[PDB]
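Engineer: Handing you this structure, nothing more for now.
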Amino acid sequence: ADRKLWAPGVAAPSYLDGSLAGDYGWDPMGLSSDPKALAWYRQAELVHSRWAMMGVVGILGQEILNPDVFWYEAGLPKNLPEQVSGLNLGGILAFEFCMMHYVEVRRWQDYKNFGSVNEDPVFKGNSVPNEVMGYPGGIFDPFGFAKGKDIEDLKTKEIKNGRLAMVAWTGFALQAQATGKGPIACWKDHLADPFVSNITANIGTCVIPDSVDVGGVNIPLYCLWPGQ
Amino acid sequence: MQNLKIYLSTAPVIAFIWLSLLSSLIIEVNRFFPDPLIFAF
Amino acid sequence: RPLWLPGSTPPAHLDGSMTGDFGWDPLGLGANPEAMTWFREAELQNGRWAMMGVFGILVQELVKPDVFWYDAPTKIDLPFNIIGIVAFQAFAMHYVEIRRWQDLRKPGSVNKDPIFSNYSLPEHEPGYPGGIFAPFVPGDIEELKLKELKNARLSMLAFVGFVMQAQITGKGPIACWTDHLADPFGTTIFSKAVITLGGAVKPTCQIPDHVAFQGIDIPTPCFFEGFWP
Amino acid sequence: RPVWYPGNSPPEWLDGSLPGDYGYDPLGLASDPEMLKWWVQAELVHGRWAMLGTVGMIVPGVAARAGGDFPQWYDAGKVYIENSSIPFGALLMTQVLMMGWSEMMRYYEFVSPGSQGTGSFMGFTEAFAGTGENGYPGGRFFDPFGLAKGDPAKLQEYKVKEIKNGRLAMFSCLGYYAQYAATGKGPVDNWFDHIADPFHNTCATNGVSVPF
Ligand code: CLA
Ligand SMILES: CC(/C=C/C=C(C)/C=C/[C@@]12O[C@]1(C)C[C@@H](O)CC2(C)C)=C\C=C\C=C(C)\C=C\C=C(C)\C=C\[C@@]12O[C@]1(C)C[C@@H](O)CC2(C)C
Ligand SMILES: CC(/C=C/C=C(C)/C=C/[C@@]12O[C@]1(C)C[C@@H](O)CC2(C)C)=C\C=C\C=C(C)\C=C\C=C(C)\C=C\[C@@]12O[C@]1(C)C[C@@H](O)CC2(C)C
Ligand SMILES: CC(/C=C/C=C(C)/C=C/[C@@]12O[C@]1(C)C[C@@H](O)CC2(C)C)=C\C=C\C=C(C)\C=C\C=C(C)\C=C\[C@@]12O[C@]1(C)C[C@@H](O)CC2(C)C
Ligand SMILES: CC1=CCCC(C)(C)[C@H]1/C=C/C(C)=C/C=C/C(C)=C/C=C/C=C(C)/C=C/C=C(C)/C=C/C1=C(C)CCCC1(C)C
């Protein structure tokens with residue numbers, strides 16, 4: 001049934017019912033269709049929503065709990081903590097790749113076919129339970145709720161919080177880019193003197209260096225819009 | 001392409017094309033081997 | 001059945017047949033029954049030389065004296081020339097092999113011992129000569145046959161490591177073994193090169209060209225340095 | 001079928017089965033059924049020389065970043081006969097001798113597919129016999145890995161890749177020529193020049209393509 005559609009008068013597209021989680025029946029590009037695309041796009045919307053939700057919290061956690069270290073940088077082996085700083089990022093990235101390349105390929109193949117390998121290799125006596133394409137959690141949910149009680153309602157809260165992040169996190173990347181300020185910092189500026197702290201100012205300046213090199217002349221930074 | 005060939009096979013076409021192959025050739029033979037009065041070379 | 005990719009969908013022409021078939025054909029070379037039989041020998045041949053080869057280098061270094069393997073000079077020295085050996089190498093392997101190669105193409109005709117007759121065996125499997133070649137038979141089953149590939153297919157894959165590692169790292173196989181466990185986050189040749197937009201670093205080959213052997217050039221360059229990371 | 005310039009229909013004569021047939025004949029040069037099979041080979045040949053030409057241009061270029069002293073594809077002709085050791089005439093006339101043999105052999109299998117592998121060229125029956133399609137010889141020599149022998153459904157799927165990779169190699173190899181005549185520098189040099197300062201290295205800034 002119509003929950004509430006995004007614009008007041010609109011026709012929900014045919015393929016859009018509201019069977020999925022946060023459906024408002026908004027696909028004006030008509031891009032999702034022939035649901036083999038929908039399944040694919042849904043996966044991205046999830047995966048993006050999740051990394052954003054972790055991202056947004058991780059950025060607030062950085063700046064609040066580490067007042068220095070302007071967030072948008074954080075990468076180069078200066079801001080790094082004491083135990084690190086001398087782990088040679090080229091060896092740090094090495095440690096990451098083989099870890100993510102497995103898990104992601106592990107997830108991708110479980111999109112191709114479905115219910116195919118949800119089971120542990122190695123010990124191979126055990127598996128994650130049934131789902132629909134991207135809701136695992138025998139292990140991935142240890143605490144067992146969102147099983148018997150309302151499930152899709154928690155799914156609904158998952159997207160609506162996720163979509164908020166993807167936009168919010170995007171705000172981070174463009175704010176920190178033009179201002180040169182962490183999220184809670186540029187917020188503090190606004191509350192101080194809004195009329196002159198507004199986006200009206202400090203546009204036309206990306207205020208970012210174009211080199212930012214570590215072990216060489218490396219890593220060109222192309223900003224976003226060509227503000228000088 | 002069927003009918004474009006048959007037209008290119010008309011009498012005046014070949015008469016033009018094939019003389020312009022002699023004419024060109026006989027012109028360029030005189031470019032590299034100029035002034036040939038007698039066959040002496 | 002178990003597959004190289006646990007969720008995969010093995011190609012049509014390859015199902016559960018050959019010893020140790022996990023369903024790996026990006027290019028589909030096995031769809032031809034004649035040629036796949038040929039390729040079936042090569043996998044054993046390349047495997048069975050590499051296995052005996054990779055075990056060579058390792059023993060050649062750790063228990064043995066330590067010179068990572070570019071060496072003509074040895075402590076078995078050079079007992080009979082070189083061109084002496086290569087002379088005998090050709091005729092040796094020539095008989096050894098054009099003999100076995102014929103049991104591939106026209107099977108069974110070779111089983112007889114050429115001088116007298118102890119023969120060999122029935123015709124068996126073209127790439128698994130029984131009898132005198134396999135007296136001991138440690139495992140009793142073709143489980144051991146599948147057990148042979150999975151070793152070799154690793155060793156061949158392992159051998160390429162020895163080349164490339166000994167290209168730029170300029171050290172033997174087990175030298176860089178211990179060198180990694182000491183400060184692991186260094187020396188991945190992941191760290192050691194980048195090539196991002198803009199910046200490109202590559203480690204230079206630690207082995208030179210023109211190695212002097214008995215007054216002979218022997219250019220021996222590195223393997224496609226320009227495309228290294 | 002996904003034709004080029006969507007919304008039209010293919011020229012009525014070719015809708016047929018050809019690898020990589022998008023219905024593009026805007027001057028209608030396939031209108032002669034006898035001639036079409038001659039163009040289908042013509043493309044296949046160019047597509048195959050393209051794909052070899054492109055790599056032959058890029059690799060010596062890409063090799064030059066690390067050093068290793070090669071020339072660019074242009075003025076690699078001189079550099080060889082600069083150092084010479086064999087005359088230019090002997091080389092170009094060994095071309096025409098050996099090369100002309102293949103082509104004039106490749107031709108009479110197109111004319112009459114039966115011959116060329118009947119025999120009596122040093123034996124070699126069935127290696128040259130040809131597999132029956134226009135530009136695909138198949139066989140022992142031209143096809144050492146025995147591919148295009150097993151599953152045909154996989155084969156027809158290569159024949160599409162070969163063209164589509166060929167049509168791109170041609171259209172790129174038109175770029176190597178044209179962007180040499182303007183910027184006067186190697187293909188990978190340009191691939192770095194535009195990846196370094198994209199803004200002032202673009203096409204309008206070569207001063208040739210956009211005259212004033
Ligand atoms: C929707 C329509 C629209 C459009 C098309 C634009 C377009 C533009 N706005 Mg704009 N704007 C809009 C709506 C719009 N705005 C609205 C609704 C607002 C809210 C009030 C603003 C508020 C606004 C501000 C506050 C500013 C702009 C600026 C700009 C320009 C930035 C271009 C740029 O970064 O070039 C990159 C390069 C330049 C602009 C350089 C031009 C200077 C000389 C003549 C050229 C030589 C410099 C060189 C080429 C650049 C690199 C070197 C550098 C180190 C200087 C661009 C022309 C900015 C501006 O003036 O330019 C940044 C600026 O400060 N706008
Ligand atoms: C905004 C966004 C997507 C917006 C997409 C939109 C609007 C698409 C809309 C449409 O398609 C629909 C809906 C319907 C169509 O009919 C119409 C259109 C219009 C086509 C994605 C952002 C997605 C953003 C994401 C996923 C961000 C993830 C960020 C992460 C993981 C950050 C990590 C770090 O911050 C930490 C954690 C620590 C730091 O120190 C270091 C780093 C590494 C930088
Ligand atoms: C790695 C290797 C092959 C890897 C091949 C792969 C992954 C192929 C995959 C595919 O084909 C399939 C599966 C299916 C297709 O759909 C897809 C492709 C991609 C086509 C061969 C190495 C094979 C390696 C071989 C044959 C080496 C033999 C020789 C040795 C070991 C001798 C060594 C010595 O002589 C020295 C060097 C010095 C002396 O001092 C000591 C001694 C050590 C002993
Ligand atoms: C073969 C080819 C390139 C071959 C490259 C070679 C050999 C490499 C040579 C080199 O390595 C050497 C020798 C020496 C090196 O040191 C240097 C070089 C010189 C580089 C390009 C073909 C290049 C061919 C190209 C680009 C053709 C484009 C044609 C188009 C678009 C035609 C379209 C139409 O015909 C249709 C399709 C249908 C009609 O109805 C409509 C129209 C429009 C008529
Ligand atoms: C969200 C966002 C908005 C603004 C920008 C952008 C639009 C691009 C987008 C950014 C997306 C992201 C996350 C991009 C990722 C960027 C980065 C920095 C990726 C990683 C870069 C650096 C890496 C791996 C490692 C570098 C270290 C190198 C080489 C070498 C170090 C070393 C030295 C110096 C020499 C020898 C020894 C050794 C160890 C090799």
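FYI, it's all coordinate maths here, none of it is from the lab. Here the Cβ positions follow ideal geometry from the backbone for every residue, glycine too, while neighbour counts run over all protein chains shown.
Engineer: Could you check the range D:52-67 and list, in sequence order, the residues that are within 12 Å of chain C (Cβ to nearest Cβ) and of a type in the set (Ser, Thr, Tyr)? Break it down into steps so the answer makes sense when it comes.
Structural biologist: Within the range D:52-67, the first condition is being within 12 Å of chain C (Cβ to nearest Cβ), and the residues that meet it are D:58-67.
Residues satisfying the conditions do not exist here.
Engineer: Mind checking which residues of the range C:170-203 are surrounded by 12 or more Cβ atoms within 10 Å (Cβ to Cβ) and more than 14 Å from chain A (Cβ to nearest Cβ)?
Structural biologist: Passing the criteria: C:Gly170, C:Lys171, C:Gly172, C:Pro173, C:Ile174, C:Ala175, C:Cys176, C:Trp177.
Engineer: Filter the range A:77-94 for residues that are surrounded by 15 or more Cβ atoms within 10 Å (Cβ to Cβ) and either more than 12 Å from every other protein chain (Cβ to nearest Cβ) or at negative phi (or both) and give the result.
Structural biologist: Step one: list which residues in the range A:77-94 are surrounded by 15 or more Cβ atoms within 10 Å (Cβ to Cβ), which gives A:79-80, A:87-92, A:94.
Of everything in the range A:77-94, those that are surrounded by 15 or more Cβ atoms within 10 Å (Cβ to Cβ) and either more than 12 Å from every other protein chain (Cβ to nearest Cβ) or at negative phi (or both) turn out to be A:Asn79, A:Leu80, A:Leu87, A:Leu89, A:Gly90, A:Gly91, A:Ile92, A:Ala94.
Engineer: In the set A:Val105, A:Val84, A:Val57, which member is without any contact (Cβ under 8 Å) to a residue 60 or more places away in the chain and in a loop (DSSP other than H, G, I, E, B)? So that I can check it myself, show each step before the final result.
Structural biologist: Values: A:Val105 fails: in a loop (DSSP other than H, G, I, E, B); A:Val57 fails: in a loop (DSSP other than H, G, I, E, B).
Every option except A:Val84 fails the conditions.
Engineer: Determine which member of the set A:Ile219, A:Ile159, A:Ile208 is surrounded by 14 or more Cβ atoms within 10 Å (Cβ to Cβ), at positive phi and away from ligand 3 (no atom under 16 Å from the Cβ).
Structural biologist: Working: A:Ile159 fails: at positive phi; A:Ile208 fails: at positive phi.
Testing whether each residue is surrounded by 14 or more Cβ atoms within 10 Å (Cβ to Cβ), at positive phi and away from ligand 3 (no atom under 16 Å from the Cβ) leaves just A:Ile219.
Engineer: Can you pull out every residue in the range D:1-54 that is acidic (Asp, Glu) and surrounded by 13 or more Cβ atoms within 10 Å (Cβ to Cβ)?
Structural biologist: D:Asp15, D:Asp21, D:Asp25, D:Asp32, D:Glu43, listed by residue number.
Engineer: Can you list residue pairs whose Cβ atoms sit under 6 Å apart, with the first residue in the range A:184-199 being touching a residue at least 60 places away in the same chain (Cβ under 8 Å) and at negative phi and the second being more than 16 Å from ligand 3 (Cβ to nearest atom) and assigned to a helix (DSSP H, G or I)? Count only pairs 6 or more apart in sequence or on different chains.
Structural biologist: Short answer, once both residue conditions are applied: A:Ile184/A:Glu63.
Engineer: Of everything in the range C:74-116, what is touching a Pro at 6+ places or on another chain (Cβ under 7 Å) and surrounded by 11 or more Cβ atoms within 10 Å (Cβ to Cβ)? Give them in sequence order. Let's see the steps before the verdict.
Structural biologist: Within the range C:74-116, the first condition is being touching a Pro at 6+ places or on another chain (Cβ under 7 Å), and the residues that meet it are C:75, C:103-104, C:107.
Passing the criteria: C:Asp103, C:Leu104, C:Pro107.
Engineer: Additional query: How many of the residues making up the range C:96-152 are within 24 Å of C:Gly20 (Cβ to Cβ) and assigned to a helix (DSSP H, G or I)?
Structural biologist: Residues in the range C:96-152 being within 24 Å of C:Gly20 (Cβ to Cβ) and assigned to a helix (DSSP H, G or I): 17 in total.
Engineer: Could you go through the range A:33-52 and let me know if any residue there is within 14 Å of chain C (Cβ to nearest Cβ), within 16 Å of ligand 5 (Cβ to nearest atom) and touching a residue at least 60 places away in the same chain (Cβ under 8 Å).
Structural biologist: Initial filter on the range A:33-52 (within 14 Å of chain C (Cβ to nearest Cβ)): none.
No, every residue in the range A:33-52 fails to be within 14 Å of chain C (Cβ to nearest Cβ), within 16 Å of ligand 5 (Cβ to nearest atom) and touching a residue at least 60 places away in the same chain (Cβ under 8 Å).
Engineer: Here's something else I'd like to know. What residue, among those in the range A:95-138 that are surrounded by fewer than 13 Cβ atoms within 10 Å (Cβ to Cβ) and within 7 Å of chain C (Cβ to nearest Cβ), is nearest to A:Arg42 (Cα to Cα)?
Structural biologist: If we take residues in the range A:95-138 being surrounded by fewer than 13 Cβ atoms within 10 Å (Cβ to Cβ) and within 7 Å of chain C (Cβ to nearest Cβ), then A:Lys112 is nearest to A:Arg42 (Cα to Cα).
Engineer: Just checking, which of C:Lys112, C:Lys64, C:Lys75, C:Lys106 is more than 16 Å from ligand 1 (Cβ to nearest atom), within 24 Å of C:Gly161 (Cα to Cα) and without any contact (Cβ under 8 Å) to a residue 12 or more places away in the chain?
Structural biologist: Residue meeting the stated conditions: C:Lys64.
Engineer: A follow-up question, please. Aliphatic (A, V, I, L, M) and over 30 Å from D:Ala30 (Cβ atoms): which single residue out of B:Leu4, B:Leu37, B:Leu8 fits that description?
Structural biologist: Values: B:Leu4 fails: over 30 Å from D:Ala30 (Cβ atoms); B:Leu8 fails: over 30 Å from D:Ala30 (Cβ atoms).
Being aliphatic (A, V, I, L, M) and over 30 Å from D:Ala30 (Cβ atoms) holds for just one of B:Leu4, B:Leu37, B:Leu8, which is B:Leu37.
Engineer: In the range D:27-70, what count of residues is obtained for those that are assigned to a loop (DSSP other than H, G, I, E, B) and at negative phi? Spell out how you get there, then give the answer.
Structural biologist: We begin by selecting, within the range D:27-70, every residue assigned to a loop (DSSP other than H, G, I, E, B); these are D:27-32, D:67-70.
Cutting the leftovers down to at negative phi gives us D:27, D:29-32, D:70.
So the count comes out to 6.
Engineer: Among (1) within 14 Å of chain D (Cβ to nearest Cβ); (2) surrounded by 12 or more Cβ atoms within 10 Å (Cβ to Cβ), which single condition is C:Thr19 missing?
Structural biologist: (1)
Engineer: Residues in the range D:10-42 that are touching a helix residue (DSSP H, G or I) at 6+ places or on another chain (Cβ under 7 Å), more than 19 Å from D:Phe110 (Cβ to Cβ) and more than 14 Å from chain B (Cβ to nearest Cβ): how many?
Structural biologist: Counting residues in the range D:10-42 that are touching a helix residue (DSSP H, G or I) at 6+ places or on another chain (Cβ under 7 Å), more than 19 Å from D:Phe110 (Cβ to Cβ) and more than 14 Å from chain B (Cβ to nearest Cβ) gives 1.
Engineer: List the residue pairs whose Cβ atoms are under 9 Å apart, where the first residue sits in the range D:48-77 and is under 14 Å from D:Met170 (Cβ atoms), the second is among the aromatic types (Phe, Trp, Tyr) and in a helix (DSSP H, G or I), and the two are 6 or more positions apart or on different chains.
Structural biologist: Listed by first residue and then by second, the contacts come to D:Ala50/D:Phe171; D:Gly53/D:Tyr176; D:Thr54/D:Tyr176; D:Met57/D:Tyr176.
Engineer: Counting just the residues of the range C:22-70 that are among the acidic types (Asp, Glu) and either within 14 Å of another protein chain (Cβ to nearest Cβ) or under 16 Å from C:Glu148 (Cβ atoms) (or both), which one comes out farthest from the chain's Cα centre (by Cα)?
Structural biologist: If we filter the range C:22-70 for residues that are among the acidic types (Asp, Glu), which is where we start, we get C:25, C:34, C:41, C:43, C:61, C:66.
Subsequent filtering for residues that are either within 14 Å of another protein chain (Cβ to nearest Cβ) or under 16 Å from C:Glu148 (Cβ atoms) (or both) retains C:25, C:34, C:41, C:43.
Working: C:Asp25: 20, C:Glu34: 24, C:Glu41: 14, C:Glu43: 9 Å.
So the residue we want is C:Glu34.
Engineer: Just give me the residues in the range A:38-60 being closer than 19 Å to A:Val167 by Cβ and either within 16 Å of ligand 1 (Cβ to nearest atom) or surrounded by fewer than 17 Cβ atoms within 10 Å (Cβ to Cβ) (or both), in sequence order.
Structural biologist: We begin by selecting, within the range A:38-60, every residue closer than 19 Å to A:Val167 by Cβ; these are A:41-42, A:44-60.
Passing the criteria: A:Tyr41, A:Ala44, A:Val47, A:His48, A:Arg50, A:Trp51, A:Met54, A:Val57, A:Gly58, A:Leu60.
Engineer: Only one of these conditions is not met by A:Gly171: (1) under 24 Å from A:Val69 (Cβ atoms); (2) touching a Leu at 6+ places or on another chain (Cβ under 7 Å). Which number is it?
Structural biologist: (2)
Engineer: Also, quick follow-up: Only one of these is more than 10 Å from ligand 2 (Cβ to nearest atom) and either within 30 Å of A:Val207 (Cα to Cα) or under 18 Å from the mean Cα position of the chain (by Cα) (or both): A:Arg42, A:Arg50. Name it. It would help to see each step written out before you state the result.
Structural biologist: Numbers: A:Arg50 fails: more than 10 Å from ligand 2 (Cβ to nearest atom).
Being more than 10 Å from ligand 2 (Cβ to nearest atom) and either within 30 Å of A:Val207 (Cα to Cα) or under 18 Å from the mean Cα position of the chain (by Cα) (or both) holds for just one of A:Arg42, A:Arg50, which is A:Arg42.
Engineer: Tell me, please, whether a residue that is touching a helix residue (DSSP H, G or I) at 6+ places or on another chain (Cβ under 9 Å), assigned to a helix (DSSP H, G or I), hydrophobic (A, V, I, L, M, F, W, C) and under 30 Å from D:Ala181 (Cα atoms) can be found in the range D:85-108.
Structural biologist: There is at least one residue in the range D:85-108 that is touching a helix residue (DSSP H, G or I) at 6+ places or on another chain (Cβ under 9 Å), assigned to a helix (DSSP H, G or I), hydrophobic (A, V, I, L, M, F, W, C) and under 30 Å from D:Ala181 (Cα atoms).
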